[PDB]
Structures are given as structure tokens and as C-alpha cells.
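Below you will find one chain, with nothing else, as C-alpha cells; this is the form deposited in one PDB entry, and questions on how it binds or moves follow later.
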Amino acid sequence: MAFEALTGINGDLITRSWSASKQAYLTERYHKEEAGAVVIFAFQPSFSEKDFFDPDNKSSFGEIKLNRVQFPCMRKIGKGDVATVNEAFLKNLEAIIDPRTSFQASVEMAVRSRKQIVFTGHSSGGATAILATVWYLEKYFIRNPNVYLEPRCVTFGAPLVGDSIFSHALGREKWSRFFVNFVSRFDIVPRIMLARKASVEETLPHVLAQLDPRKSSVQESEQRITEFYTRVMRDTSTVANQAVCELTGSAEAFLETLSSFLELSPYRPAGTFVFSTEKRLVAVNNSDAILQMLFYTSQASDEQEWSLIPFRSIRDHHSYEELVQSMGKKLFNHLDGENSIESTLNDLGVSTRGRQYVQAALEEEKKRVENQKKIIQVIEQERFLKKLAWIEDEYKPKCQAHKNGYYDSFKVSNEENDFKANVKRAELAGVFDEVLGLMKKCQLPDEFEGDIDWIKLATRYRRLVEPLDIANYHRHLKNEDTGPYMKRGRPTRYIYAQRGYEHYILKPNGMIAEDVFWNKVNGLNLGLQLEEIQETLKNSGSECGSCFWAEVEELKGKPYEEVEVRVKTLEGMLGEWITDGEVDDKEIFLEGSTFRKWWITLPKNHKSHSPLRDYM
């Protein structure tokens, strides 16, 4: 059918997921169920206030930043910002994955047997399932996508978990397709965490008692329920209005002036959401459209409706058994791929204005795709590629035949070829800075920074042209105006290219570039503690192979006793740099090179034991 064709799961799996979720109420912290070729891990939900807001967190929404070592993929690559999640849910997962529980050994056993693994849960068990799926992806799937098979995550009325960087990172890695979230139309738990803590502090415990399917002895005082609902929906309206105003670039200056004064929730949807009514099942993939729908599907249409909605929103958290039993009868639509959405959203209770804003949310993604197509068309042209080809095939060999190298030529010479190279450097900087400017404003799809062709082209451009920008910086004495290149001079486009390439190369093996560099430094045996080395090698040019000339300019002219350690580190990294093609070994040992002329004046004691003694 269309449901399975879209999501990759069938009715039998959904039924088994719901059954395991029901069983999970009794077991302690999780339950495992084995059925033929499928293994299901179901997580227990909780109904205390401290299970949604951590009592020791001092922020207004109970969020915390993830650890870059444990979740190295959950960030923005070029910018370098990590993602944030709910603290209580993360602590729950950390308790479960503690070696004293046997969860990890069970997961490993399931992996060895080559079965299909599923994480599932109801209520906050669903949020724990989401975080467990991310943990499994990071720890197994990215290492060996053949030995470790794809996962599935199924949730029933779960609250939101992560922020917008969380969703962006899931989109870039192509992992969003594994997640599926079922939401009843009027269910309140998916909306709760769009509200400030101080808004719902007084009434949250009683509503959590009401929501617990096991507790039935508490009073259902209508006043507290109505108050809770009203406050949650007020904060939701604020968040949705600001979000839609922001994504269209409508009122930037007024929005910034006002932003100084507000506190808004950072949580966003992640994965595919499926809305259910008594007649339809609607699936959506776009995060912003889902936010708008979460606000607009819960509004009342008469004064008679308003008298039943606060209680309906609580009663609908216990209606997923009926949804699973009646799934096969209803209609199915996919919102993103339908020409006309008016009728579907009419049946879901969305008015004309909310329909406008949902339409805008979808149109923004269409615009991003068109922008990407324009960029690709530009960068595939032969006239564009001929500039890189010229630098590769004409300027470099000619400057090598002069026995001084193209870095020194660009730095000191006034010939026609140098003028041509300067013109082409500026021309290429224009294109790459336009792409950077579009990226910084979120005008491109989430998957752009992972595209292999773009990575290859940007790596080639960086390795070819960054040395000429360093030469340009030092020819005009800009280092005596605003300081060393590595601190304040380096353009952002090269940093983005370097980080993209490093992530692409290193993610299969788990470790990040900084620890790789620090281990390689420790391996040189300089005789120093980690802190002293970290202080001595701050803002150094030995992290990247295309900043070799910046490092050489900085160390040149100083006495050896002051720069011993930096000289040794650079000489240590040079051989690996040459092997990978980051540095050209036909350029830097020439007779008229700056590096050779400096290196041949160092003390002979150092030169005797240098690794490069035979090159020069």
C-alpha cells in the first residue's frame, strides 16, 4: 500500500509495536520481546514532574547541550554548533545504557543474529525510544552499514525531544526516514513542551496524575484542566507566530528588536508525523508545517466545541489502541506530495489563515530546492571549471620552471601571469562566498553539506587556492595591521570546506579531528604535559595542510630556542601532508622557496636529526 511504500513499515509491525508498548508499563525501565525475524525494545513511561523538567536545571525549558564526543554527528558541520535536548529524557537514557543493566549486551546479541531491531514507547517512553535510536545510529549504523542493519522507531503520542539543529542533523545524515510518530488530533502531550516552565508549574502535577493510565482515583477538577490547556495553547500560539514570521524573512529588524525581550521554546518536530482522525491518516515530513499544524488543528470552531476540548485533549492520550485496530479502514494522504491540500486540511479542522501559513511552510522548502538547482547549474559550467584548470596546468608548472614556486611568484612578482592569477582568485572567491552567504541564512536544503560532489569540488578549490590568499595577506603587510593570519585573517569559506571534508572522511571510525590531532602530537614525544602543549600550540597552522605557509610565515625570523616545539610539530606533520596531496612536494623544496631558505639556516644539530634531511 501507500503507507508501507512511504514509511517502510506494515500493519503487523505497528500492531506488535503497540503491544510491546502496552507490556512496557510493568517491566522496570524497558522490556524486550522476540518474534521471528524482529526484536522490539519498548521503554517504560513516567508521570512525575521531575521526569519532564529536571529539578537541577536552571533554564526556562529544561534543555541541555549534547556531548560532542558521545554524539559527534549531532551538530552543524561548518558552523560547529552542537544540538540540545531535554535533560530528563537524556538522564533516563544514560541510566538505561549503564553497563549494569544488560541493555547493550542484548542489543549486541540482536545485531549478531541479523534481525530487524525496533525501538518503541508510549508517552515519554517514545522520547526515550527516539534518543535510543539516535544512540544506536551513532554507535553501530555509521561504522558498517552492512553488518549493522537499518533501525525503526515507532512512537505513540510522544513529547518533543530536540531543537532545530537536532532535526537539521537528522536531515543531513538521511536518517529522518527511520522515525515515525503517531499523534491524535487533540492529544496534548505532544504540545506540552512548547510552554515555559513558569506557565505550567502550578498545574502540571495534577494533569500528569490525570494522564497516567494506571491512576484512576484522582479528581478531574475541570478548573485546573482548563487552565493548563489555556496556558499551553497561549505559549504555543506565540511560538508558532514567531516561527512562521521568521522562516519567510518578513520583518527582520522588528523581529530582532522584539527578540531581545522574549523567551521562546526551542523544541521542534523530528521525523515523520502521522495525524489521525476518525476518517483519515495524514503523513507529513516538513518540520515547520508540522509545527503550524500542531497549533492549528487544536482550535475550536463554536462555543459548543470549546466546552469539550480541554477534557478531550486528555481523553485522546488513551486512544491509540483504537487507532491501531482501525488503521486499515481509513483514508491515506501524503501532504507534501499533494497538489491541492485544501480538502485534507478542511477535514483536519484548519481554517483559512492557518492554511495560508502551512502553505508558506511548504513553499519555503520548494524555494530551497530551486536555489540548489540554480547553484548546481552555475558550478557545472565549463567556463567556471577552466579557471581551476588553468591554475592547475599553466601557472604552477611555469612557476616551477622558474625554480621559485607559485607561492613566491604570487608574493613578489609583477608579470602578466601573476595579474591573471590575481583576477581569477577574486573571481572564484565571488562564487564560493555567494554559496556561503546562502548557506548561513538557511536558504539551501539540509543535505547540501553532505553532498559528495560539492565536497570534492570544495576540497580541490581549497587545496589549490588558499596558499594564494595567504600570499595576498602577507604581501600587503595585513599581518601588521590586524595580527596573524590564523587568528583573524582566514576567510570562513576555507574553514567550512575543511570541516566538511574532515567530517566526511572521519565519521566512519568514530573519532573527531581534534582528538586525532592531539593524539598525533602526543605521539611525537616532545617531552611536555598536555596543558603546556595546548597552550603553546594555540591558533597554530599545523591543524590544516593548506595553512602550511601561514605557519611558515609565523615561525620565520624568530630564534630557535623560542619556536623549537612548533618547528618540530610542523616537521612531524609534513610527511603525512605530502602523502595525502594536501601539500605539493614539487613546490616547497625548490631553490628559491621561502621554506627552504629559512630551513637551511637552522642549527646543524637540529638539521642532522630532522626527518627531511635528505629532501633539502
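Start at 1 and count along the sequence shown; that's the residue number. Throughout, rigid core stands for the largest set of C-alpha atoms superposing within 1.5 Å between the two forms.
Not on display, but discussed next: the form deposited in another entry.
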query	finding
Moved residue between the shown form and the other one - picked from 147, 423, 378, 264, where its Cα shifts 2 angstroms or more relative to the rigid core	147
Change in CA distance between residue 147 and residue 170 in that other deposited form, which is 3 Å or more, as closer or farther	closer
Cα distance between residue 147 and residue 447, which in that other deposited form differs by 3 Å or more from this form, closer or farther	closer
